[PDB]
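So the structure is just underneath, and the comments pick up after that.
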Number of protein chains: 2
Amino acid sequence: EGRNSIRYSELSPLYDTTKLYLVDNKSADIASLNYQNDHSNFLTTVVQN
Amino acid sequence: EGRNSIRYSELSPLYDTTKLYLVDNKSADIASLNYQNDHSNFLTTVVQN
């Protein structure tokens, strides 16, 4: 208790477990981040907002 | 201290002062809430989301 918080920068804090997703076919990332790379060396966002 | 928090239902809490707005010409409220009333007896949203 107390030492179990998970804080994003402006939103309600969670506590003691969550999930994180690392998918490879989000449109905004296709457009900007990933132009010269492939499905084995890619770059993705962990923020879903 | 401690007894000064302001809590919305899913967002970061504020502390010790804020503002609240009561305007009368928001589109969504024009459409739904206010159809049979006027500018002197009106109905508005305090949530801006």
Side-chain angles (χ1 to χ4, degrees):
Chain A
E1 185 176 1
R3 62 179 179 85
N4 55 356
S5 68
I6 300 167
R7 291 182 184 274
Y8 185 61
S9 295
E10 61 267 11
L11 185 59
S12 179
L14 276 296
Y15 291 90
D16 79 4
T17 186
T18 57
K19 287 186 178 171
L20 297 171
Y21 295 99
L22 296 171
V23 299
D24 58 356
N25 59 359
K26 291 173 72 175
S27 66
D29 295 332
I30 294 166
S32 66
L33 296 173
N34 292 316
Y35 183 75
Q36 295 296 112
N37 55 11
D38 59 356
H39 295 284
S40 67
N41 193 4
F42 64 92
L43 189 62
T44 185
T45 60
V46 176
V47 177
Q48 292 87 19
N49 195 349
Chain B
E1 185 176 1
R3 62 179 179 85
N4 55 356
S5 68
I6 300 167
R7 291 182 184 274
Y8 185 61
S9 295
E10 61 267 11
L11 185 59
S12 179
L14 276 296
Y15 291 90
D16 79 4
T17 186
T18 57
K19 287 186 178 171
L20 297 171
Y21 295 99
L22 296 171
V23 299
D24 58 356
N25 59 358
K26 291 173 72 175
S27 66
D29 295 332
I30 294 166
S32 66
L33 296 173
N34 292 316
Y35 183 75
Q36 295 296 112
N37 55 11
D38 59 356
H39 295 284
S40 67
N41 193 4
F42 65 92
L43 189 62
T44 185
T45 60
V46 176
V47 177
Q48 292 87 19
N49 195 349

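Below, all heavy atoms of this structure are taken into account, side chains as well, without hydrogens, waters or symmetry copies. Below, chains carry the letters A, B, ... as their sequence lines are ordered, and counting in each starts from 1.
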Seminar exercise, completed: Closest heavy-atom pair, B:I6 versus B:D16, reported as atoms and distance to 0.1 Å, is CD1-N, 4.3 Å

For this session: Might you point out which heavy atoms bring B:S12 and A:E10 nearest each other, and give the distance in Å?
Result: CB-O, 3.4 Å

Exercise. Do B:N4 side-chain atoms and B:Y15 backbone N/O form a donor-acceptor pair below 3.5 Å?
Worked result: no

Problem set entry | Common cluster, A:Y8/B:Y8, ILVMFWY with side-chain heavy-atom separation under 4.5 Å | yes

Exercise. Distance from B:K19 atom NZ to B:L14 atom CG, nearest 0.5 Å?
Worked result: 13.0 Å

Name each donor-acceptor pair under 3.5 Å that joins a side chain in residues 22-33 of chain A to protein atoms two or more places apart or in another chain, with its distance.
from: A:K26; atom 1: NZ; to: A:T45; atom 2: OG1; distance (Å): 2.9
from: A:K26; atom 1: NZ; to: A:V47; atom 2: O; distance (Å): 3.3
from: A:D29; atom 1: OD2; to: A:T45; atom 2: N; distance (Å): 3.4
from: A:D29; atom 1: OD2; to: A:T45; atom 2: OG1; distance (Å): 3.1
from: A:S32; atom 1: OG; to: A:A28; atom 2: O; distance (Å): 3.0

